[PDB]
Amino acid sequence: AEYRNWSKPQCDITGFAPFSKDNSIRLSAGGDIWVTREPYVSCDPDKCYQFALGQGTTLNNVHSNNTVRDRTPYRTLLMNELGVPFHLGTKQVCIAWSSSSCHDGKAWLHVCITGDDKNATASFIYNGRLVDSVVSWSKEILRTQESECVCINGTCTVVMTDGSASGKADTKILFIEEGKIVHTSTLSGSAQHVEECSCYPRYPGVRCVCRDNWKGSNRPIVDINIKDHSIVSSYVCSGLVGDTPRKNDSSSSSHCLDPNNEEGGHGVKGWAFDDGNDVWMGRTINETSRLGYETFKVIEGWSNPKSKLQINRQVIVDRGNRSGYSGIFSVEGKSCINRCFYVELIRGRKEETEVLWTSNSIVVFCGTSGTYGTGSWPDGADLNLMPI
């Protein structure tokens, strides 16, 4: 086995094609399925895995009451092969209420954060054994991506944030070789508030598209030099912005270096990536809440903060159906690196009151250079009929 370098061109992308769905909530109506949130997909050199943060319970289970909560001692990172729903035989790969995973071409890395809100611990688990850990630096919910980290030449990188949700915080990018934290660079450049980075290889570096929870409805960008550890940061230029909340299409504005200051507070995890000077991104369709999910190409939307010229719109989930977190992952082809995305379909509290629990299913798409049609892939669970 060799290390993944990802030293290949990004694939031709004309839009995205259907790839997986787990129907997890519909299945949990007549089966033992884990209660989850904050899921993601990541793949070894052969095949993909779906991950999620469990609530240490199944759904048709008295313990599923109040799974609205973000951090308990019972949250673990569940890891299955993609499209195998989180059944009772699913492996919990670490204790974690925040996490991120990747494969360097030789073995898995899991970055797992649990413990006290004011003093959480990040364990680093590579090749099925604990190799390192770090404390919270700022003592206020040490957290990371909730999607795949990225490894190049065997150096894995991961964005972690400690401190305020709605003010300045302390973001650090760690570098990991065989599970060992070998360097820490701190957040630098013009990105002001960084979370939950959806990151992807982009030889010779990594690139991340994050969530500003403070002043921006534009998403931050972070560029990571793997070799000398340098960090630059900015925002997705594109005049059509990717966070939720945001202002509508006619009212919105962005900026390449600064938060737009537009409904900025709060956010949702999301993704985007560069296509020359164009940008592919997706987002919730509804501008205030996590209902619906679309993707498009903004032309010059990677280098022109004034551009609102989208093309290749696809509805992934229609505007009446619920979405949630979404993130990028990258899959090496024969000649090129393709780009894929998953989308958390959240059901339950607080939005839905028919049931006491909070879970999610996923649906997953992949970049295609072929043709494709139209549709809608929502959760499909009828909450009026689920475990009373």
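Counting begins at 1, following the sequence as shown.
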Averaging the C-alpha B factors as listed in the entry, name the stretch that ends up higher: 163-171 or 97-105.
163-171
Between 302-310 and 127-135, point out the one with the higher average CA B-factor as the PDB entry records it.
302-310
Highest recorded Cα temperature factor - choice among 54, 327, 31, 39
31
Looking at 48, 356, 340, 343, which has the highest CA B-factor as recorded?
356
Could you say whether, by C-alpha temperature factor, residue 275 belongs to the lowest, middle or highest third of its chain?
middle
Residue 202, C-alpha B-factor rank within chain (lowest, middle or highest third):
middle
In terms of its chain's C-alpha B-factors, the third that includes residue 44 is the lowest
Per the entry's values, where does residue 255 land by CA temperature factor relative to the rest of its chain, in the lowest, middle or highest third?
highest
Ranking every modelled residue in this chain by its Cα temperature factor as given in the entry, which third contains residue 18?
middle
